[PDB]
Amino acid sequence: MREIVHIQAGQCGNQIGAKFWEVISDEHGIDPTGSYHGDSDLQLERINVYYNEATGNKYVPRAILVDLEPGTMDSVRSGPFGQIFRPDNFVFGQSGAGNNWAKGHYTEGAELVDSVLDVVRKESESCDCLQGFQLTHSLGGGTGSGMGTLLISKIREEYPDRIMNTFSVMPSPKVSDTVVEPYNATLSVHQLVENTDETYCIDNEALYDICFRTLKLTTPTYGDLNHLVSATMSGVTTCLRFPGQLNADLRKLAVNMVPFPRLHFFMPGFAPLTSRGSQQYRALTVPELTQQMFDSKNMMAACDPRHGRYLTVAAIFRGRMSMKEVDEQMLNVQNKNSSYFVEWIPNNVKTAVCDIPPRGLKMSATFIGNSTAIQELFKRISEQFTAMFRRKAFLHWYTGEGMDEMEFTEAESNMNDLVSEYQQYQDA
Amino acid sequence: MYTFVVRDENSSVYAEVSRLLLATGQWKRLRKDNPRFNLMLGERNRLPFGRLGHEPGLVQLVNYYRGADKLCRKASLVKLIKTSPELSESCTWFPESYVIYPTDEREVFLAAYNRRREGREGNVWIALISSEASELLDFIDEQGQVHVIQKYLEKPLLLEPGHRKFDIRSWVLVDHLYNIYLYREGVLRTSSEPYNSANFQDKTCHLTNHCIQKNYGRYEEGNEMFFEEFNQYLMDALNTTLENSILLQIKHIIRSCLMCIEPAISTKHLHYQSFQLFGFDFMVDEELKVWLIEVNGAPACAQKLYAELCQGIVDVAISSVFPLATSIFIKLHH
Amino acid sequence: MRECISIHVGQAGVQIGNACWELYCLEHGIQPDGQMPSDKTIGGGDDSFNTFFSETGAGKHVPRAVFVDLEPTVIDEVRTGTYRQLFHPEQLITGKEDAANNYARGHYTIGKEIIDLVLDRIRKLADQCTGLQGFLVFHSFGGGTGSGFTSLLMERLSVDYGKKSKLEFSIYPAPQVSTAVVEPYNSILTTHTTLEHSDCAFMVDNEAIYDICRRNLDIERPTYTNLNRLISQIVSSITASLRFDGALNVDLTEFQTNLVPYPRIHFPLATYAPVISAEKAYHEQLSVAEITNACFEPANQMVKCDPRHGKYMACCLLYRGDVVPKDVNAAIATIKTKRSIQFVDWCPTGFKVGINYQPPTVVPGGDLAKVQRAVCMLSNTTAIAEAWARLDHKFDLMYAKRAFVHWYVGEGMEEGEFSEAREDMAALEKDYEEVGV
Amino acid sequence: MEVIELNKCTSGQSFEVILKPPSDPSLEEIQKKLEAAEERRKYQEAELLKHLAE
Ligand SMILES: Nc1nc2c(ncn2[C@@H]2O[C@H](COP(=O)(O)OP(=O)(O)OP(=O)(O)O)[C@@H](O)[C@H]2O)c(=O)[nH]1
Ligand SMILES: Nc1ncnc2c1ncn2[C@@H]1O[C@H](COP(=O)(O)OP(=O)(O)CP(=O)(O)O)[C@@H](O)[C@H]1O
Ligand SMILES: Nc1nc2c(ncn2[C@@H]2O[C@H](COP(=O)(O)OP(=O)(O)O)[C@@H](O)[C@H]2O)c(=O)[nH]1
Ligand SMILES: [Ca+2]
Ligand SMILES: [Mg+2]
Ligand SMILES: [Mg+2]
């Protein structure tokens with residue numbers, strides 16, 4: 001299986017989504033025209049995973065852009081790689097979702113969703129062998145969160161044997177738009193637990209902290225946060241995009257990473273951590289990459305890895321380096337810290353190497369972990385949800401769109417089940 | 001930081017070894033079933049040798065030699081001595097022995113019993129100790145399992161004062177390179193009650209086991225005479241050293257037993273590495289002839305010596321493979 | 001002359017297939033285009049090599065081979081590779097989507113829809129056989145296709161060709177080069193289902209080959225290419241007696257007869273010597289004594305285990321190069337007095353020896369140096385059960401928490417098949433115990 | 001000691017040396033298994049689609 005269909009929803013979804021296509025396009029040698037101007041053949045070998053060929057010979061991203069507002073999509077279209085997207089893959093309403101999950105999922109989103117599925121079907125039909133879908137969205141707003149999870153439900157109904165994966169941005173009070181973000185996040189998680197196969201948890205708390213503590217940026221913008229996201233995203237999709245042995249498609253990644261169907265929320269990690277523009281001149285040694293990629297301070301989800309156990313780990317090393325030194329360092333980490341890797345999944349750490357480094361670095365490592373420490377992320381959202389929900393505060397925004405309190409109670413309970421299910425395996 | 005697991009709870013020797021390994025702070029202990037160890041201090045029974053040395057990036061080591069039971073079960077030791085060209089029936093430091101079953105060499109045993117009956121020369125045997133043949137065979141089928149019939153040593157050396165029997169325990173460490181190391185300290189395990197040539201029924205004056213004694217404690221603390229004292233004695237009474245009259249023979253026996261099984265048990269070209277501590281039990285007769293009693297695969301030490309020997313185990317068996325940031329052993333040269 | 005069909009399943013089976021056939025061509029002087037100048041009977045023959053190669057009127061020698069993968073990438077390499085001309089398109093069979101490292105997906109889901117097509121293309125080769133003796137099956141234990149499709153294929157071959165012999169070459173999983181955490185599951189499931197359908201299986205542990213490549217070839221990080229050239233040398237040692245004139249192991253039936261007294265216990269250990277780097281500048285050539293002695297070193301074995309602590313049921317020595325019986329018997333006499341070799345009571349202590357005078361062929365510019373003499377030992381020893389013990393422990397660890405089981409249940413397999421497969425392995429481990437001490 | 005069964009040809013030779021003497025499922029049942037599994041997958045899918053219809 002080859003083709004992945006990419007969907008980006010809402011302001012956050014479309015902003016990280018645009019950056020993703022920007023970064024991977026440069027790696028595959030594709031320019032704003034859709035014209036290849038690269039040297040290596042490794043660049044084109046698996047280009048069909050993400051790109052359509054339309055005679056030119058031009059490469060068109062298999063990408064559908066979705067919003068309930070036109071704003072951020074006009075931003076994308078007049079942005080750097082804006083011309084590359086298929087204009088018919090732009091699907092927008094006018095009325096917005098007002099950071100309201102109920103509007104995205106039930107009222108405004110319901111009005112727009114069929115048009116999105118027409119574009120999904122049109123893209124799915126040109127595929128030799130569709131692998132499945134990736135979605136970029138946030139959980140804190142209304143469109144990416146409410147409408148994004150509506151879309152996932154409808155995509156699963158029409159394609160139940162395909163893999164569904166998400167890059168899901170979790171909200172934090174540190175970088176926050178509205179007080180209702182915990183409501184929107186809890187309702188979205190409930191969906192994600194049932195209808196995705198694999199979810200990369202991108203924690204805005206973590207991205208903020210990395211920017212503040214490590215990159216010495218005193219006031220991080222979304223741009224700074226998204227630079228970390230696009231690097232992580234390029235990293236986690238390396239094995240899908242380039243010639244390679246393991247985690248080479250979406251189903252094989254799921255089979256190695258997900259021991260129990262509900263526990264499919266991954267903590268990504270990246271090394272070296274770099275800020276935008278400002279370059280680093282000294283390449284990292286393989287021992288340094290390996291130490292940094294496993295460091296809590298390189299994690300994109302604000303969870304302490306020492307507070308849990310790793311179920312499974314995938315590690316991707318990028319650049320020209322010694323594969324023998326990689327195996328040794330990877331083996332050294334596990335042997336040194338063996339109590340943090342569950343002993344009932346043997347050889348639960350898999351490593352891949354790709355020759356092509358990302359732009360502006362000679363060496364990089366990407367970490368994908370399924371840790372039971374992710375539970376800290378869900379506990380945090382749960383705490384914020386309950387603080388409001390016990391006084392039913394802000395609920396009228398949701399009941400006004402037809403929702404009952406019961407739906408909140410159920411979504412909370414399911415998220416608490418997920419928490420305690422993680423705790424079960426951290427002690428087994 | 002080196003790692004290790006512990007799979008034998010009842011081992012005083014290894015309890016002390018781990019305690020020492022922890023106290024260097026360069027060794028970390030893991031849970032029983034974590035496969036990511038450098039060192040296994042394993043179980044006595046059914047040790048999973050098949051699962052060792054298949055962990056990439058880990059040099060693995062275990063404190064047992066697979067196949068050393070050929071030396072350490074009484075039935076197996078007899079078989080090993082009789083059938084190996086290096087030892088043979090011709091062997092002169094092992095008592096005449098026969099292997100006997102209930103539902104085998106019962107036939108060949110009774111044949112040698114009658115040549116003893118010919119000249120009526122001392123015809124007493126062990127299994128537990130009897131004068132007449134058919135009273136031993138009737139004890140055998142009464143019990144269940146397999147056991148050995150062995151010529152009993154009717155003229156032991158007897159310590160004065162007190163007309164006392166004894167046995168010598170020697171501790172031997174065989175490292176991963178198959179160097180054979182004899183711990184310089186041995187121990188004599190003495191009888192307290194005088195030896196009785198004409199009554200084998202009185203059993204605590206004939207069997208020297210440290211448990212079976214507890215007359216106990218009379219002449220030496222806990223029925224344990226150490227080396228300096230026994231040497232002093234042999235000089236004073238018999239005008240000879242421990243070295244000349246006994247230890248030359250002991251060193252010879254130890255090296256013969258262990259050179260014999262070396263091709264069957266060596267881990268020299270294997271994917272994992274082994275060491276083992278043995279306890280060799282020796283009897284000395286009245287002419288100062290040394291006889292091998294048995295070989296113990298999982299021995300305990302003597303209280304006074306736990307510290308020194310356990311430290312040596314760490315020094316020559318463990319740190320030799322896994323070095324950190326004089327000797328108490330005599331190397332037996334083969 | 002009696003024909004053999006080779007069946008190569010999944011990535012491992014296909015890539016190893018490529019290496020074997022590459023080597024076969026070099027050994028028989030068959031060119032990339034498929035022409036064989038030294039063959040004088042144009043268009044036919046019943047020479048020993050025709051066991052493996054059929055012929056066309058144009059004089060093309062074509063492998064009696066079928067390649068099957070559930071995904072196209074790897075078979076597409078064969079299709080457009082240097083041996084593109086050798087194979088008929090109908091012999092190269094690909095699906096669209098693979099088994100995703102899942103036994104149940106390879107066996108139940110995707111197996112179902114391709115099994116009839118594969119068996120039909122096998123039938124096309126069988127129809128051209130005057131006297132088909134049976135099958136050589138190459139696959140991994142660890143892959144979804146290698147494990148899942150193979151076991152289904154084996155069940156069906158027993159049905160359609162019940163009289164015919166089936167031999168396996170099986171890649172046993174190693175973490176250093178493995179692609180999936182579920183390989184232990186796939187291995188046990190495929191072994192259970194395949195056990196009755198296989199007459200003789202040669203296991204090759206990737207760990208053992210990986211380490212041979214590191215220690216003896218000085219390869220820092222062995223690739224599949226390194227591993228496969230070594231594996232194909234061992235396979236060619238094993239099949240040489242089917243492809244060359246001789247009186248030992250001349251048909252598939254003789255493999256069971258000579259190597260397998262007890263039908264369930266059908267996994268002989270292969271040991272190979274010597275393995276010598278081609279960029280070793282100065283090499284002192286090894287004698288018959290030295291290479292035969294090396295057959296008793298664990299480091300030279302296809303599976304790391306300890307034959308001193310099991311019992312032998314049979315032992316064949318297969319020499320290539322300048323070797324004469326006298327030097328074999330002399331080497332055996334000396335080795336017998338230095339090593340622990342214990343046969344079971346109900347078998348003769350002894351060796352079946354075969355010598356082919358042509359030294360092993362090496363692939364030009366490959367990793368292996370040309371040697372004057374080499375040997376492959378095939379021994380049926382109980383010690384190989386150590387490899388089952390390892391696999392079973394790993395299976396038990398994951399299954400006790402039912403980790404990943406939902407992937408298999410979701411493909412239509414019942415949970416009970418896990419516990420059934422594991423029970424058969426417990427019985428197998430027991431059989432080896434009873435034979436072995 | 002004893003060498004037996006010696007066979008020689010142009011290509012090589014074989015022999016035996018002795019050191020010491022001694023002392024299926026049907027086509028129908030397969031079709032059945034593969035269709036049972038298909039039915040279990042059909043049922044799991046129909047359960048999922050019912051739940052999505054709710
Ligand atoms: N020795 C060797 N092992 C291989 C090779 N290719 C894969 N393997 C091993 O086989 C296992 C993976 O199985 P594959 O054969 O790749 O899987 P497959 O049969 O193609 O099945 P799916 O891809 O799951 O459909 C792992 O243990 C690999 O290390 C090869 O060329 N040589
Ligand atoms: N052939 C013989 N002649 C004289 N005395 C003998 C003997 N065999 C055994 N003994 C005595 O009987 C005791 C029996 O101990 P033995 O070593 O045979 O078995 P065991 O396992 O109970 C003691 P350990 O725990 O040291 O192995 C010895 O300490 C020794 O004093
Ligand atoms: N990391 C990141 N987070 C964002 C970005 N834009 C918005 N957010 C976060 O996304 C959430 C609001 O959702 P948004 O995508 O703007 O609303 P929507 O358009 O209705 O889906 C809040 O948690 C914001 O902190 C962005 O560009 N990057
Ligand atoms: Ca011909
Ligand atoms: Mg917004
Ligand atoms: Mg495959």
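The header says X-ray crystallography, 2.3 Å.
Each Cβ is built from the backbone N, Cα and C atoms, and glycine gets one as well.
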Correct range for motif 'MREC motif' (source Swiss-Prot, candidates C:1-4, C:281-284, C:381-384) | C:1-4
Where the distance is taken from Cα to Cα, which of the recorded positions C:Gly10, C:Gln15, C:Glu71, C:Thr145, C:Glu254 turns out closest to C:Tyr282 (3'-nitrotyrosine)?
-> C:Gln15
So of all those recorded positions, C:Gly10, C:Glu71, C:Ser140, C:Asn228, C:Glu254, which one's Cα sits nearest to C:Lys370 (ubiquitin cross-link)?
-> C:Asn228
Round to the nearest Å and give the CA-to-CA distance linking C:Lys40 (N6,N6,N6-trimethyllysine) with C:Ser140 (GTP binding site).
-> 38
Among C:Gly10, C:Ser140, C:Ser232, C:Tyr282, C:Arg339 (the recorded positions), residues with Cβ under 8 Å to chain B, listed in sequence order = C:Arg339
Just how many other Cβ atoms lie inside 10 Å of the Cβ on C:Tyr282 (3'-nitrotyrosine)?
-> 4
Quick one: among the recorded positions C:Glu71, C:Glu254, which has the most Cβ atoms sitting within 10 Å of its own Cβ?
-> C:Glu71
Return the residues near C:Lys326 (ubiquitin cross-link), defined as same-chain residues 6+ apart in sequence whose C-beta is under 8 angstroms from its C-beta, sorted by sequence, else 'none'.
-> none
Which of the recorded positions C:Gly10, C:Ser48, C:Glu183, C:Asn228 has its Cα nearest to the Cα of C:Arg339 (omega-N-methylarginine)?
-> C:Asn228
Given the binding-site residues C:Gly10, C:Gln15, C:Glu71, C:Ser140, C:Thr145, which one's Cα is the least distant from that of C:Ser232 (phosphoserine)?
-> C:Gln15
Rounded to the nearest angstrom, how far is the Cα of C:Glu71 (Mg(2+) binding site) from the Cα of C:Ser140 (GTP binding site)?
-> 15
Out of the recorded positions C:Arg339, C:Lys370, the residue with the smallest number of other Cβ atoms within 10 Å is C:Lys370
Least buried by Cβ count (within 10 Å) of the recorded positions C:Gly10, C:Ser140, C:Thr145, C:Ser232 = C:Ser232
